[PDB]
Amino acid sequence: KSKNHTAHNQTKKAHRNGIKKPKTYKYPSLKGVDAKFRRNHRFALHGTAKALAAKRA
RNA sequence: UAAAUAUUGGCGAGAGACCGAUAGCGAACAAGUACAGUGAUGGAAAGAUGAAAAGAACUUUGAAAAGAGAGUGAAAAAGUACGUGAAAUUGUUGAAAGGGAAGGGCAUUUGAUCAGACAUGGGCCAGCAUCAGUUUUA
RNA sequence: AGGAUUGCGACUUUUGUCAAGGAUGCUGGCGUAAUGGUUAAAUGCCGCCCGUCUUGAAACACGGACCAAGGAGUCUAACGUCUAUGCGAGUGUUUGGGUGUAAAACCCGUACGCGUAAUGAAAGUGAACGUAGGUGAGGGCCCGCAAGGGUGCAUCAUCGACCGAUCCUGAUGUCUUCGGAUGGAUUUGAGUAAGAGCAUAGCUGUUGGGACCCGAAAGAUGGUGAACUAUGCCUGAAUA
RNA sequence: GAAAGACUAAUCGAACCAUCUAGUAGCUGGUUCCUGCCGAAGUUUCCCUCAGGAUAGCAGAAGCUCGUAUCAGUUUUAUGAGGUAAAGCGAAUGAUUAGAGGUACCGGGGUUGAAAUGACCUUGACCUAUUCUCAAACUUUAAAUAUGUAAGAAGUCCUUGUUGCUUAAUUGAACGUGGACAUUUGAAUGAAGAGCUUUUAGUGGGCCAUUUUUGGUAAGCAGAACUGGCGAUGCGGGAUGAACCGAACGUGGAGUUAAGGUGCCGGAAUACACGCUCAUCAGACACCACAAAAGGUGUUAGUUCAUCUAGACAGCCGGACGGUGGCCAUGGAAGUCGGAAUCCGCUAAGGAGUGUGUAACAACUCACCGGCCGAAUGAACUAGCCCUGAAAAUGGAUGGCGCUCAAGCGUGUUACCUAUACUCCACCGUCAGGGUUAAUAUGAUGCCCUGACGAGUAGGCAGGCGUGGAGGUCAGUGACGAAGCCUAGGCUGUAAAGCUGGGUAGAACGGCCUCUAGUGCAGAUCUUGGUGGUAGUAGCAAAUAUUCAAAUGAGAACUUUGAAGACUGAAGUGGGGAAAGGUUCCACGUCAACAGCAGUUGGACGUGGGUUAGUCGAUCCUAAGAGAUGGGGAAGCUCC
RNA sequence: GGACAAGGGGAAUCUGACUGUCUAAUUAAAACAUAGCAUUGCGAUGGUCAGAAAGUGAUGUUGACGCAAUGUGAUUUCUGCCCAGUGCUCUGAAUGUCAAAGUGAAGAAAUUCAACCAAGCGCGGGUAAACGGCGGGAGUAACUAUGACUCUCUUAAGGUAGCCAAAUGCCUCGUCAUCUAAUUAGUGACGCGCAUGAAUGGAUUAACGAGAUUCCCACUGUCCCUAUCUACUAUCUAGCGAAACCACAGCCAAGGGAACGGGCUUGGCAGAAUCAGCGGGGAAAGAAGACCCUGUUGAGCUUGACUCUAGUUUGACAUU
RNA sequence: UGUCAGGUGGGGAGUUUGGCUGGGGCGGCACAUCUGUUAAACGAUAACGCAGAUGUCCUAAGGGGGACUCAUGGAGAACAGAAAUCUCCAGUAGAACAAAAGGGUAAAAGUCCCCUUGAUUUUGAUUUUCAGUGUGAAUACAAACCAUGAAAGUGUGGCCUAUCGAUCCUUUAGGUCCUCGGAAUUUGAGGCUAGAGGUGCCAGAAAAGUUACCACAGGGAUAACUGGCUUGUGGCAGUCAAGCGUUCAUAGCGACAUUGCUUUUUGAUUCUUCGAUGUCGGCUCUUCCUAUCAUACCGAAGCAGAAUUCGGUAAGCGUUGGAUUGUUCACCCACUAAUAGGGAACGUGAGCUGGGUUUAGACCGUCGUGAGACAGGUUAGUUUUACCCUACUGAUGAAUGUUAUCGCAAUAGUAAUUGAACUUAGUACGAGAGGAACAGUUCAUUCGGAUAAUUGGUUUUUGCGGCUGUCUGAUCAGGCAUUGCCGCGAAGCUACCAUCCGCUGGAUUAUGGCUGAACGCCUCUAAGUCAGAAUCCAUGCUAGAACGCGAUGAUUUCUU
RNA sequence: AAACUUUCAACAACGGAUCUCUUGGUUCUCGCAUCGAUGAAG
């Protein structure tokens, strides 16, 4: 007796509000990245902080 | 074993941004009355003439009720079927229309009726000419 | 349409003139029911009866004979976002006391609620390596004639630091089994990082309440009926 | 309960009376004043979910950080992915028609000397090269249309820092320090400002159209895909119609067109040009309201083939034999039951023969050729409009009348009619972008300028109109007339409404700034009260029956008296009581209502009068029953 | 029997014996009752039944020729077979199971694990005028049906006497005979009978029946075929005077449309005001469909549905 | 007797007794999942669409390394054979891989041989269904600890796509852990971190029937009656023509194929109506359709005549009486000119009937433990209201100067019907048997309009006469018996139960002809034209427009 | 042409809305404790 499924006035609804791109940023989210790489990457950024501090003198 | 605490009942006093007679208690009036049911119980409607009854003497028509006059009063378009007296709904008179309904909207014509700055000394309705804006036709 | 002038122009020998940022000039009739307004009828064309549930109503779908008055999202206890007001690391007088022109207005302060610290089931412990850290963007201001450089609040992204839990590591010491130094980890929190909240009032939304208004077949507690009719007992009557 | 779920005070498959109770409802019906701006959904996932909720989506409101940004339901250049339409089977997988060859090593049936470790037959057994047709769940190959990424300052290269990662390493990899290159911000077009956050309404039954498409004989049937509509939407056209064609709407004026039309109804050519059709059932405009196979010398055009200086068809006559009865067959076949031969002569021409006919001949007749006559005819086909095929029920529908070298059908060329669409001007509102008290009176909320837009149910927000009370203020209005009510009088506002003339009537009531609510009605088989049409209508008909005079009275079909007719017929319309009523009995007065006509009468209305017991009843005794006490239960009302 | 008053009759079939009784206001019967027949329980400290409880009740002013609880339904005549299943019952054999209290062992105690164990269920016997079933399913063959032997499926047994297309038979309007001109009817026979059958009573049957059904005699306006008469209405007048219903109203055909218009569209047409009749329409009035489906709405009845319970019965402790 | 424990206990109490669904119910699972396709060349995508699978099996069929090639065919080897084992040649997979189906794999992911437990531990990130929640599965690393190989490497179960499960409760593993809040010690209980015990309605209540005695709230979101769309099925008709028909396709028939029409069969569907449109037949009455049974007039025949068969224009006119059944339909017995088929809300219930279906009473059989059920059989069972509007049938009537006579006819309606006898004639025709017709006479059938002299019926003429019972004293003469009964009975009314009456011209259809082109002939025809049928139109009959007309008669006092 | 039907106005009917009034209600606060065998409530 009842109607099952349809896709009428569905794409028409979506284009009213937007259909938008996902923004994008500089410095993306560093998640799901290799753990061995990240540990060494932390020590590199710690060491280079000492370098720039000594230069400004 | 007192006090600070309770109280839609009873007796006595104050108030209200509460209702205004289809409201407010069921009940502003002879209301738990009239009335219904065998019985437990059920349960209405109904306020207002005028300051004062001064509540209409007397004539005349009628078997009488009443009617016409008169008289009271500021008023009887206040007469105890009573302040004001709306609508549905009815009678009379006046105006209009009517060949299987009426009743509406736009625009005129005729018939009715009605506002609005010519008064001081004794505005309304058109026509022609030269221009501007938009068009049409040789 | 507009209602002093301002502009662009053109023609001018020149002054000025002009069709150039929206109509001026001249003339006649009437000055009132004539023009207009409402109202009734006639004529041309057009017009199905509202309210409602529905994909769909003029409907052979439901409610409506007619009129008057009454008649339906209200108030409260906890609350959320937004907005106005007062004070602001605080805020809130009104349980209660003092006073009074007496349910008012005015004054008073111990407490107590929320906020100022979190995270763990709990025992418990408990937020600065550095200008409260770097990088990218950033309004505004500063220097400069400009090009450009300097300083960069709010906020957004991003990698670090700190506090708690979790899992390892286990220093000097020491009731020899307590104690937890320091260093770490693809884990983890409604955290810290120069505080924002508390009180009153308003629209809208939420949950309990009769809960926008009317509407069941039922269920439960405590009572009244055998003058009708069902059946038995006692005592009478009636049938050519 | 002699049994039917019967009866139990009009109530029974579980009585009635109050209270808990305003019981609960995913279900039905109703839900009260105006303009202004924006404007939906019937879909995804879960649910004792399918008439219902949550969750996302769509919508409004409030805005915040910024001011041409790194954006777009689009195109182009560069570059990826796909297995549909078509295509293919002498290409796999599976299906399938017809021969030919190789046969050879072989499985078999025969025929040939029972013969065959031998031939030739149908043969398989496959094989070899060919040939006809196929496929949603087969494929080598392979479009269109849709679809992913890129077209730069977060850029391209040069330098040298950082470490516990990585390297044989002085390598690499990430994140950097300083440096070079801005006209030419390194395709097109547009930009109505861009990005972001909170919060909450309605909705969660959908339906129709053009293509794609599954089930089904098919359906105004069921079910999907992509855009567009209706629902929420008027306006011009399709006669009429939710959806089709054209177009989307503030209030008016002038022009011009869309779709569709121009004999009349009806505004606009009884225009112009070339054809076709005549129907005793003509035809007439998309979706749309129907028609087919098969046929016609009705008429119109065309294709392919034939004969033509006598056509040849006509269309009327002349011939149609000689060998010959050809061989064969057998009762007999002589052109004519048949099986094959198909040849000559004379020839203008005559088949060893088209049929009729006969037992077989005879006889007739064509094929082919002359005789008469003098210019185009014969066959087979294709499509146009008309006709046959074509039968349903009340009378009937190209919208109607009517139309025939059309007012019909096909095609062309011009004019003309006309929508709320398009262009231009007036006025209204909403939104945006500006300019301004620099003393310079009257509202800075002011006073101006410029530009765009206007449909709308469910829904949300904004700005106003009115009703009952409260605080303030106009030293407001009023018995010289407040409130209310009536009025084919007038004025203002888009409107909710407000102000005011005339009449009626006789005590209170308004404006402006704020507070507050039992604050606006046409619907609910709404509640209470009142009044209509229907209508002076339905009807006032069962118990056999009334009539004549006289009196009283305003008045007599109906009261009182007389006379005459009648009935009940003593199980009665007679004479007395029981239950039950309660003054109805009786007298005098008297008719406003009641006695469904009337009324002088009355069981009506007003004012009085009336029931006398030692013996008649009650009182007294006991019946079926009821019911204290002594006792025993029960928290107790009270029970035995 | 001159008015008045006053039985129609006959031959059958189904069914209940009869007289009697009930659904008050749609069912008067074939239903219920009944005499007769049969079964079950009880010797008073008892059976059946009431009450919240009692030093309390009904049967009972009773005592088995009685009281209580059921089935069948006068007389004549018969009541066949089957205790596997489901009930009921027993002086059946036990130890298969099986509560609290008590008994013992372990432990520091709370607890724990052991045997021991009442009725009642399991195990065995009895019972069909207890509830019920009494079917077929296969085959062997004498002769061209033959009815004697075997087994065994759902458990135990396999329809005996009887009766029938019967109120019990689907296929059907069965086949044969009879009644009629003609019979889906009626009666009489036949019977592997979907699904007859023995006190859940079978077969028969005199009298009786506002019971159901078929035919024959007499009788007739039921009918061919209608006609006429009488009273009381209707009709007209005087007086009195309502209700239902009602958006607005009232002429048709076709079209399209929520697919059957009184209003929209195109045609036909169209003349004040009215009175008797009548039943074609107004999808005419009556009543928020009783049939059907939905609702996470109910109630009445039933049962090896789920969870309880009064009563009763067995055991332990107290009264002791 | 009291308290506690075990059995029994529909005697009574409370409550439930799924969902989807071309109505529901019975079936089935489309209700958690997986393969191919439908699905329209990215992804997404429906139906109780199509072909099929799963609730498991495995210490090896898991993990690593090393050997080696399978289907099938051909040629050879004692028993040995189409098929045992042995050897060589060809061999792109045509095999095998735990199962459904698709993909994948050849010094392997197949087959055989050696060693083992990566089916291990601690936790997060990530794809797929998706609210970007959970459940299930799958992918890529970090820190560990192992296996295997000379190593590089590979391995966090099954080559890949399926093979499974919250809260609360119970239970097991783990730790020199935390808590029992007056302080301690041992038992005991409660916590923190990961497994197991299951919800198949699979995001997860704990649950049997029946109601014909029924109830409420709703639903045309949804069945039973019409109507509409559709036509498979039912019914009626075409096309081509192998054969049948002694001979001969089409006088009449007609296989194998194929195009249609119709809504009087039955299905399909669910748009209208559930705050009700009164559902089966019969009785009564009107009108419409033609797909014609009869009658009128014609054509064809395997038509001699009679009878019959096929077709044409035709709906003018007619279509019956009975037995059985509730019947529609059916089947018989007759008659007849003939006993054709249908529609109108499956015409017709405020028109009737109530036998049927269809409520409650009751009986029988089969089924059910039981209440009860049965598209089985049987018997008894309630049929309301018109006074309104239109419609039809009759009847009055204002107003056109007033009144009265005598007429015309617009339009509407219309009617006649069929047979038998005598004669023609026992003639035509025919071997016979049989056996017509036109004209001409007389009568009937069904239908219609009047009429009452006669016959019949009716009798309140209460006209006359008779008879009972009672009442008025008797006799005479009467009353009552709801018109007392009985016989005769005028007037009126009335009956195929009685009598009379019911017209004749024109134009056409089918069809058959004349003259005659097209097409030098022929031809019923194209132009023109003769006959012709129950058809049509007049004549005749019925009403007379109340808004259609005409002709004629008389037209008002002396208060003025 | 009248009657009849429908719409409006003036006067007259029907009926009791509207407007103004009010010895009654309703809520809140404050004070006090008094039935009966001497025969109460009803």
# chains A, B, ... in the order shown; residues from 1 in each chain; ligands from 1

call {"tool": "interface_residues", "arguments": {"of": "chain D", "to": "chain A", "cutoff": "8 Å", "atoms": "only C-alpha atoms (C1' of nucleotides)", "output": "list in words"}}
result
residues 43, 57, 58, 73, 154, 161, 162, 163, 164, 165, 174, 175, 176 and 224 of chain D

call {"tool": "select_by_dssp", "arguments": {"residues": "chain A", "states": "helix (DSSP H, G or I)", "output": "PyMOL selection string"}}
result
chain A and resi 11-17+35-55

call {"tool": "residues_around", "arguments": {"residues": "residue E:23", "least_positions_apart": "2", "cutoff": "10 Å", "atoms": "only C-alpha atoms (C1' of nucleotides)", "output": "ChimeraX atom specification"}}
result
/D:4,6 /E:27-28 /F:360-361

call {"tool": "interface_residues", "arguments": {"of": "chain F", "to": "chain A", "cutoff": "7 Å", "atoms": "only C-alpha atoms (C1' of nucleotides)", "output": "list in words"}}
result
residues 46, 125, 141 and 142 of chain F

call {"tool": "residues_around", "arguments": {"residues": "residue E:199", "least_positions_apart": "5", "cutoff": "10 Å", "atoms": "only C-alpha atoms (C1' of nucleotides)", "output": "JSON, numbers by chain"}}
result
{"E": [37, 38, 71, 72, 73, 79, 129]}

call {"tool": "write_last_selection", "arguments": {"atoms": "N, CA and C atoms (P, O5', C5', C4', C3', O3' and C1' of nucleotides)", "output": "PDB file, in the first residue's frame"}}
result
ATOM      1  P     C E  37     -38.709 -48.039  36.701  1.00  0.00           P
ATOM      2  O5'   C E  37     -37.477 -47.900  35.700  1.00  0.00           O
ATOM      3  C5'   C E  37     -37.267 -48.855  34.644  1.00  0.00           C
ATOM      4  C4'   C E  37     -36.048 -48.496  33.825  1.00  0.00           C
ATOM      5  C3'   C E  37     -34.733 -48.409  34.580  1.00  0.00           C
ATOM      6  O3'   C E  37     -34.219 -49.706  34.872  1.00  0.00           O
ATOM      7  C1'   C E  37     -34.899 -46.606  33.053  1.00  0.00           C
ATOM      8  P     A E  38     -33.424 -49.974  36.239  1.00  0.00           P
ATOM      9  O5'   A E  38     -32.052 -49.198  36.010  1.00  0.00           O
ATOM     10  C5'   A E  38     -31.113 -49.672  35.029  1.00  0.00           C
ATOM     11  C4'   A E  38     -30.050 -48.636  34.754  1.00  0.00           C
ATOM     12  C3'   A E  38     -29.093 -48.324  35.896  1.00  0.00           C
ATOM     13  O3'   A E  38     -28.125 -49.354  36.074  1.00  0.00           O
ATOM     14  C1'   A E  38     -29.717 -46.323  34.788  1.00  0.00           C
ATOM     15  P     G E  71     -26.571 -33.602  33.291  1.00  0.00           P
ATOM     16  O5'   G E  71     -26.875 -35.001  32.593  1.00  0.00           O
ATOM     17  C5'   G E  71     -26.136 -35.422  31.429  1.00  0.00           C
ATOM     18  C4'   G E  71     -26.211 -36.921  31.253  1.00  0.00           C
ATOM     19  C3'   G E  71     -27.341 -37.435  30.377  1.00  0.00           C
ATOM     20  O3'   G E  71     -27.035 -37.293  28.992  1.00  0.00           O
ATOM     21  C1'   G E  71     -27.142 -38.787  32.317  1.00  0.00           C
ATOM     22  P     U E  72     -28.109 -36.658  27.982  1.00  0.00           P
ATOM     23  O5'   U E  72     -29.247 -37.772  27.918  1.00  0.00           O
ATOM     24  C5'   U E  72     -29.152 -38.874  26.993  1.00  0.00           C
ATOM     25  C4'   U E  72     -30.027 -40.027  27.430  1.00  0.00           C
ATOM     26  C3'   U E  72     -31.496 -39.924  27.055  1.00  0.00           C
ATOM     27  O3'   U E  72     -31.716 -40.317  25.702  1.00  0.00           O
ATOM     28  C1'   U E  72     -31.267 -40.721  29.290  1.00  0.00           C
ATOM     29  P     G E  73     -32.902 -39.656  24.850  1.00  0.00           P
ATOM     30  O5'   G E  73     -34.190 -39.926  25.749  1.00  0.00           O
ATOM     31  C5'   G E  73     -34.879 -41.191  25.708  1.00  0.00           C
ATOM     32  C4'   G E  73     -35.956 -41.252  26.770  1.00  0.00           C
ATOM     33  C3'   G E  73     -37.315 -40.678  26.378  1.00  0.00           C
ATOM     34  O3'   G E  73     -38.376 -41.424  26.969  1.00  0.00           O
ATOM     35  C1'   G E  73     -36.515 -39.538  28.270  1.00  0.00           C
ATOM     36  P     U E  79     -29.327 -57.384  23.679  1.00  0.00           P
ATOM     37  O5'   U E  79     -28.779 -55.888  23.691  1.00  0.00           O
ATOM     38  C5'   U E  79     -27.436 -55.580  23.266  1.00  0.00           C
ATOM     39  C4'   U E  79     -27.205 -54.085  23.224  1.00  0.00           C
ATOM     40  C3'   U E  79     -26.398 -53.499  24.373  1.00  0.00           C
ATOM     41  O3'   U E  79     -24.996 -53.613  24.130  1.00  0.00           O
ATOM     42  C1'   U E  79     -28.302 -52.142  23.942  1.00  0.00           C
ATOM     43  P     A E 129     -21.573 -48.657  29.177  1.00  0.00           P
ATOM     44  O5'   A E 129     -22.862 -47.777  29.498  1.00  0.00           O
ATOM     45  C5'   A E 129     -22.942 -46.392  29.100  1.00  0.00           C
ATOM     46  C4'   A E 129     -23.872 -45.627  30.016  1.00  0.00           C
ATOM     47  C3'   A E 129     -23.624 -45.791  31.516  1.00  0.00           C
ATOM     48  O3'   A E 129     -23.836 -44.563  32.210  1.00  0.00           O
ATOM     49  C1'   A E 129     -25.812 -46.517  30.989  1.00  0.00           C
TER      50        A E 129
END

call {"tool": "closest_residue", "arguments": {"among": "C:221, C:200, C:239, C:186", "to": "chain A", "atoms": "only C-alpha atoms (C1' of nucleotides)"}}
result
C:186

call {"tool": "residues_around", "arguments": {"residues": "stretch 406-420 of chain F", "least_positions_apart": "3", "cutoff": "9 Å", "atoms": "only C-alpha atoms (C1' of nucleotides)", "output": "ChimeraX atom specification"}}
result
/F:295,317-318,337,443-448,502,541-545,548-552

call {"tool": "residues_around", "arguments": {"residues": "residue F:383", "least_positions_apart": "6", "cutoff": "10 Å", "atoms": "only C-alpha atoms (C1' of nucleotides)", "output": "list in words"}}
result
residues 349, 353 and 354 of chain F

call {"tool": "write_last_selection", "arguments": {"atoms": "N, CA and C atoms (P, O5', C5', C4', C3', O3' and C1' of nucleotides)", "output": "PDB file, in the first residue's frame"}}
result
ATOM      1  P     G F 349     -37.382   0.556  -6.329  1.00  0.00           P
ATOM      2  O5'   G F 349     -38.136  -0.630  -5.579  1.00  0.00           O
ATOM      3  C5'   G F 349     -39.557  -0.574  -5.341  1.00  0.00           C
ATOM      4  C4'   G F 349     -39.862  -0.842  -3.885  1.00  0.00           C
ATOM      5  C3'   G F 349     -39.347   0.189  -2.891  1.00  0.00           C
ATOM      6  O3'   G F 349     -40.265   1.273  -2.751  1.00  0.00           O
ATOM      7  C1'   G F 349     -39.109  -2.064  -2.068  1.00  0.00           C
ATOM      8  P     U F 353     -46.614  -5.862   1.193  1.00  0.00           P
ATOM      9  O5'   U F 353     -46.081  -7.238   0.591  1.00  0.00           O
ATOM     10  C5'   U F 353     -47.003  -8.269   0.188  1.00  0.00           C
ATOM     11  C4'   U F 353     -46.282  -9.375  -0.546  1.00  0.00           C
ATOM     12  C3'   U F 353     -45.225 -10.122   0.252  1.00  0.00           C
ATOM     13  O3'   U F 353     -45.847 -11.150   1.019  1.00  0.00           O
ATOM     14  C1'   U F 353     -44.423  -9.619  -1.944  1.00  0.00           C
ATOM     15  P     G F 354     -45.588 -11.256   2.596  1.00  0.00           P
ATOM     16  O5'   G F 354     -44.081 -11.766   2.675  1.00  0.00           O
ATOM     17  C5'   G F 354     -43.733 -13.073   2.185  1.00  0.00           C
ATOM     18  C4'   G F 354     -42.233 -13.222   2.080  1.00  0.00           C
ATOM     19  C3'   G F 354     -41.464 -13.231   3.405  1.00  0.00           C
ATOM     20  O3'   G F 354     -40.613 -14.371   3.517  1.00  0.00           O
ATOM     21  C1'   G F 354     -40.452 -11.753   1.857  1.00  0.00           C
TER      22        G F 354
END

call {"tool": "atom_distance", "arguments": {"atom1": "atom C1' of residue F:102", "atom2": "atom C1' of residue F:32"}}
result
23.3 Å

call {"tool": "atom_distance", "arguments": {"atom1": "atom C1' of residue E:200", "atom2": "atom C1' of residue E:16"}}
result
19.2 Å

call {"tool": "atom_distance", "arguments": {"atom1": "atom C1' of residue F:547", "atom2": "atom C1' of residue B:99"}}
result
9.4 Å

call {"tool": "interface_residues", "arguments": {"of": "chain C", "to": "chain A", "cutoff": "8 Å", "atoms": "only C-alpha atoms (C1' of nucleotides)", "output": "PDB file with N, CA and C atoms (P, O5', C5', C4', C3', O3' and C1' of nucleotides), in the first residue's frame"}}
result
ATOM      1  P     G C 136      55.219  33.306  10.160  1.00  0.00           P
ATOM      2  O5'   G C 136      53.798  32.870   9.587  1.00  0.00           O
ATOM      3  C5'   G C 136      53.693  32.210   8.312  1.00  0.00           C
ATOM      4  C4'   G C 136      52.291  31.699   8.084  1.00  0.00           C
ATOM      5  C3'   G C 136      51.231  32.751   7.811  1.00  0.00           C
ATOM      6  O3'   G C 136      51.279  33.192   6.454  1.00  0.00           O
ATOM      7  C1'   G C 136      50.386  31.117   9.312  1.00  0.00           C
ATOM      8  P     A C 157      39.300  26.267  14.881  1.00  0.00           P
ATOM      9  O5'   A C 157      40.631  26.045  14.033  1.00  0.00           O
ATOM     10  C5'   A C 157      40.563  25.468  12.717  1.00  0.00           C
ATOM     11  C4'   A C 157      41.901  25.543  12.021  1.00  0.00           C
ATOM     12  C3'   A C 157      43.015  24.674  12.591  1.00  0.00           C
ATOM     13  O3'   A C 157      42.880  23.297  12.253  1.00  0.00           O
ATOM     14  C1'   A C 157      43.872  26.808  12.046  1.00  0.00           C
ATOM     15  P     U C 158      43.431  22.170  13.250  1.00  0.00           P
ATOM     16  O5'   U C 158      44.976  22.540  13.393  1.00  0.00           O
ATOM     17  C5'   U C 158      45.905  22.263  12.329  1.00  0.00           C
ATOM     18  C4'   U C 158      47.310  22.669  12.713  1.00  0.00           C
ATOM     19  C3'   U C 158      47.883  22.016  13.958  1.00  0.00           C
ATOM     20  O3'   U C 158      48.291  20.674  13.699  1.00  0.00           O
ATOM     21  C1'   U C 158      48.433  24.321  13.935  1.00  0.00           C
ATOM     22  P     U C 186      54.844   7.288  21.316  1.00  0.00           P
ATOM     23  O5'   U C 186      53.258   7.194  21.205  1.00  0.00           O
ATOM     24  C5'   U C 186      52.599   5.989  20.764  1.00  0.00           C
ATOM     25  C4'   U C 186      51.763   6.276  19.540  1.00  0.00           C
ATOM     26  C3'   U C 186      50.335   6.725  19.798  1.00  0.00           C
ATOM     27  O3'   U C 186      50.277   8.114  20.115  1.00  0.00           O
ATOM     28  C1'   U C 186      50.416   5.170  17.989  1.00  0.00           C
TER      29        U C 186
END

call {"tool": "residues_around", "arguments": {"residues": "stretch 410-424 of chain D", "least_positions_apart": "3", "cutoff": "9 Å", "atoms": "only C-alpha atoms (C1' of nucleotides)", "output": "PyMOL selection string"}}
result
(chain B and resi 133-134) or (chain D and resi 234-236+247-249+254-258+261-262+267-269+271-276)

call {"tool": "decode", "arguments": {"residues": "stretch 15-40 of chain B", "atoms": "C-alpha atoms (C1' of nucleotides)", "output": "PDB file, in the first residue's frame"}}
result
ATOM      1  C1'   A B  15      -9.812  45.271  53.082  1.00  0.00           C
ATOM      2  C1'   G B  16      -9.372  44.257  47.005  1.00  0.00           C
ATOM      3  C1'   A B  17      -5.639  46.738  39.752  1.00  0.00           C
ATOM      4  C1'   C B  18     -11.923  40.234  41.582  1.00  0.00           C
ATOM      5  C1'   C B  19     -17.388  39.369  39.131  1.00  0.00           C
ATOM      6  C1'   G B  20     -21.505  42.964  37.703  1.00  0.00           C
ATOM      7  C1'   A B  21     -28.025  39.432  37.047  1.00  0.00           C
ATOM      8  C1'   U B  22     -26.609  33.690  30.473  1.00  0.00           C
ATOM      9  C1'   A B  23     -21.340  36.765  35.221  1.00  0.00           C
ATOM     10  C1'   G B  24     -20.532  35.796  40.634  1.00  0.00           C
ATOM     11  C1'   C B  25     -22.023  30.522  45.379  1.00  0.00           C
ATOM     12  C1'   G B  26     -26.836  25.989  43.087  1.00  0.00           C
ATOM     13  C1'   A B  27     -29.356  30.467  45.154  1.00  0.00           C
ATOM     14  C1'   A B  28     -28.761  39.490  44.885  1.00  0.00           C
ATOM     15  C1'   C B  29     -36.241  37.870  44.826  1.00  0.00           C
ATOM     16  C1'   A B  30     -41.218  33.451  50.083  1.00  0.00           C
ATOM     17  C1'   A B  31     -33.781  28.563  47.217  1.00  0.00           C
ATOM     18  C1'   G B  32     -32.165  23.730  48.873  1.00  0.00           C
ATOM     19  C1'   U B  33     -37.848  26.765  47.527  1.00  0.00           C
ATOM     20  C1'   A B  34     -41.348  25.081  43.152  1.00  0.00           C
ATOM     21  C1'   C B  35     -41.191  20.444  40.619  1.00  0.00           C
ATOM     22  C1'   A B  36     -39.418  14.666  39.226  1.00  0.00           C
ATOM     23  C1'   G B  37     -38.248   9.635  41.301  1.00  0.00           C
ATOM     24  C1'   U B  38     -40.782   3.636  44.961  1.00  0.00           C
ATOM     25  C1'   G B  39     -35.750   5.056  46.839  1.00  0.00           C
ATOM     26  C1'   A B  40     -30.550   6.440  47.532  1.00  0.00           C
TER      27        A B  40
END
